[PDB]
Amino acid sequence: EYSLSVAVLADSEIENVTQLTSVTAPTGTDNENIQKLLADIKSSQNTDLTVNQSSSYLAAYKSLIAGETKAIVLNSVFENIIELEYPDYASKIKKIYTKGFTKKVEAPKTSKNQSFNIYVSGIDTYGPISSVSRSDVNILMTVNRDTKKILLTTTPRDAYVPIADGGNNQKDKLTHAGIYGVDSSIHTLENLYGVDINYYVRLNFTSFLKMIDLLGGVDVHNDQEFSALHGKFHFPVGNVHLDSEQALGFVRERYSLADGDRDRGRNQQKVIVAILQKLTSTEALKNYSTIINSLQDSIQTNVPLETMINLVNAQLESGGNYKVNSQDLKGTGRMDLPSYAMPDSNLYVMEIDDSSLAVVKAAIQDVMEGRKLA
């Protein structure tokens, strides 16, 4: 669900596309969509626009506000990219022609064997799940149902990697892939780690709060005393029960932790393990349909209903717990590397450590294949 429009400045005398002879657009990277719009205009309006190629949607927008072109094509996915450098962009423009487009996100792929990968995307926002934002949580869960082993692989939000699809395979912080869409995040991580991602789950703050509540809160073992959300919550060393608001604080805090984002990553992992413990309780398994009903409008997933039913019932019958291991991709913070989405800003990114990448990839393979972790 996205659209392409022809946009002009808010105060333009231009009312309709027939008044135009050309439009500025990034045909180098979004040509398929652009040509569809152009063919649509030629057929409904009998107007045949020439294209002034721009290097990107952002560059087109810049040309428009600089009075270097009268009109641009805007793909709605990229409004959220323009917004990164121009937060007021919406008030600067009007749209004079709009065409809706469609695309299904990731088809799920059923693993032929005992092992599958689920990508968990956590989005930086409250409200309706359809809201577009960056993906600040990016965790791969590798599950082997034969060995009963799960590996959580965390990739830091600032990891500097080639971003698939809308990212044009150019390097940027991983969290930006989320703005292009969940399929961009999925393909980005598939390419990084060389594995197929069978399924995804996408959720935001509002989704997470609901889930922890429905589960009765979660229990974790905390290793370091800390407080979260500007002091609102305090977590002592030891066994801690987390209600929903506490859990959200627990997975968001970074700066005061001994190891910063890495410790936050570990805290997120602790919460996942805790959620899994609740979801595999006999009560939760028996009442899985109620949980599906209670979360379906706030959590997106491509896990098929039949697959959920198989996973649940297998666990119901055989019982037995999964052993969970965790790992995180390591790197070095830098301020001097360019962001593809935000070419005018100096951003903090994490340059990936190649030795860590090799170890992380091998661990994913070991768990999938039923081999002991190194």
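Each residue number is its position in the shown sequence, starting from 1.
- On average the C-alpha atoms of 235-243 have higher B-factors than those of the other stretch, with 127-135 and 235-243 being the two compared.
- Set 40-48 against 26-34 and average the Cα temperature factors; 40-48 ends up higher.
- In the PDB entry, the Cα temperature factor peaks, among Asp297, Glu79, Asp158, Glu85, at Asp297.
- When the C-alpha B factors of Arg264, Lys94, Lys286, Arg145 are read from the deposited coordinates, the top value falls at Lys286.
- Sorting the modelled residues of the chain by their CA temperature factor places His230 in the highest third.
- Residue-level temperature factors show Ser318 in the highest third of its chain, judged at the C-alpha atom.
- For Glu68, the recorded CA temperature factor ranks within the highest third of the chain's modelled residues.
- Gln224: CA B factor lies in the highest third for its chain, per the PDB record.
- Sort the chain's modelled residues by C-alpha temperature factor and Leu4 lands in the middle third, per the entry.
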